[PDB]
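Visitor: here's a sequence, model it:
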Amino acid sequence: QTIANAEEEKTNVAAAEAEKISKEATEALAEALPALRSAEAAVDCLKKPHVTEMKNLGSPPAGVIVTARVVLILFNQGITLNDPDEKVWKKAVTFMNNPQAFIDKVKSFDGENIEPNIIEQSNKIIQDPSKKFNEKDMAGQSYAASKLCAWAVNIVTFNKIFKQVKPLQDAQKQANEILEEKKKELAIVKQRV
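Guide: Residues are numbered from 1 along each chain as shown. This is the structure:
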């Protein structure tokens, strides 16, 4: 009885520690949802107007044919950043040729992480100090653009966060499951004692 009592105490302490780790992980999880939600709220920035410009723009400003890269990139339409501008722009029109079509895609196309090759190429540009693309520095260029990129930036930050939350949720769920199992065991041995 005294051995089983000592065993029951050790399992009760281990369960209490697991429950504290579980609480810290749920707090980290609760920071990592505002994470997603913040970005998700900042994902509808792009609208049915701003695209129908880009279609009709026909001619090009310089910085808008950087927005037109990330765009193709994320949608995984190939060609990367090696091909010239002018031929990149004839690839960022064909999409928009139906505005309602496009906005349709953007809401759906979300997926979760989409593709881990792409996000490098898109991260490259954003992580380049040169060629602007902050989203303000865009505006000045061809306004619309400012919206398109703002989203495109807000998507990247999402992906980056949606790689933080996945691990954090996984670590949370494991810690929760162990804490519950340890508590049930602790309850049973306490009853036996």
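
Visitor: in stretch 36-53, what counts as buried?
Guide: Buried residues in stretch 36-53, counted by 16 or more other C-beta atoms under 10 Å: 36, 39, 43, 45, 46, 50, 51, 52, 53. Just so you know, the C-beta spots here come from the backbone N, C-alpha and C atoms, and that holds for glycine as well.

Visitor: for the host helix or strand of residue 50, name the packing helices and strands.
Guide: When elements are assigned from DSSP states H and E, residue 50 belongs to helix 48-57. Judged by 3 or more C-beta pairs under 8 Å, 6 or more residues apart in numbering; DSSP states H and E, the packing partners of helix 48-57 are helix 64-75, helix 99-109, helix 144-192.

Visitor: just how off-centre is the second one within its chain?
Guide: For helix 99-109, the distance from its own C-alpha centre to the chain's C-alpha centre is 18 Å (C-alpha atoms, centre = their mean, to the nearest Å).

Visitor: what helices or strands is it leaning on?
Guide: helix 48-57, helix 64-75.

Visitor: which one of those lies nearest to residue 97?
Guide: Ranking the helices and strands packed on helix 99-109 by proximity to residue 97 (C-beta to C-beta) places helix 48-57 first, at 6.3 Å.

Visitor: by how many degrees do the closest one and helix 64-75 diverge?
Guide: 120 degrees (axes from the mean of the first three to the mean of the last three C-alpha atoms, to 10 degrees).

Visitor: now do helix 48-57: distance to the chain's middle.
Guide: 25 Å.

Visitor: stretch 180-189 too?
Guide: 37 Å.

Visitor: do stretch 169-180 as well
Guide: 22 Å.

Visitor: check which residues of it are buried.
Guide: Those buried within stretch 169-180 under the rule 16+ other C-beta under 10 Å are 169, 171, 172, 175, 176, 178, 179.

Visitor: just put those residues in JSON lines and tack on distance to residue 193.
Guide: Output for the buried residues of stretch 169-180, formatted as JSON lines (distance: C-beta to C-beta, whole Å):
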{"residue": "169", "distance to residue 193": "36"}
{"residue": "171", "distance to residue 193": "32"}
{"residue": "172", "distance to residue 193": "31"}
{"residue": "175", "distance to residue 193": "26"}
{"residue": "176", "distance to residue 193": "26"}
{"residue": "178", "distance to residue 193": "22"}
{"residue": "179", "distance to residue 193": "21"}
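
Visitor: residue 32 reaches residue 169, doesn't it?
Guide: Yes: contact status for residue 32 versus residue 169: in contact at 7.2 Å, counting by C-beta atoms under 8 Å.

Visitor: contacting residues around stretch 119-126?
Guide: 66, 69-70, 73-74, 80-81, 113, 131, 133, 152-153, 156, 159 (C-beta atoms under 8 Å, 6 or more residues apart in numbering).
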